[PDB]
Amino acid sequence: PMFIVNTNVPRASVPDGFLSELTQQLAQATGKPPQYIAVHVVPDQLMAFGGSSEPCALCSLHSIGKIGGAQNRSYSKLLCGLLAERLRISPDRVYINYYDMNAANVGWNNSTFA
């Protein structure tokens, strides 16, 4: 899976070890091996949420499977909790788009997962 967070919070406010925490928590939540988890955090962005530039985040999670109604509710609670605790972003200022990718549409290591 791949998790991306774009935020207006400054880089210096992203704590040390945040990418590793995201990797470990996503491996556990999605069931996927840590080897297959990629994470990307983009601070210092020019963004607004509801017209306000108070701290906010726009995120995405792409995964081959492990996406669905109940699972995405669970991921949203986990990820909003991490963003609130570590980046001090209110959960009502976070969107996370979820994508269930077909294995044929994910390239890796000179091939695809199909």
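A residue's number is simply how far along the shown sequence it sits, counting from 1.
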Problem - 28-36 set against 68-76, stretch whose average Cα temperature factor tops the other in the entry - result: 28-36
Exercise for the section: Sorting the chain's modelled residues by C-alpha B-factor, tell me whether residue 13 ends up in the lowest, middle or highest third. Expected result: highest
Practice task
Would you please rank residue 2 by its C-alpha temperature factor against the other modelled residues of its chain and give the third it falls in: lowest, middle or highest?
Solution key: middle
Problem - residue 94 CA temperature factor, ranked by third within the chain - result: lowest
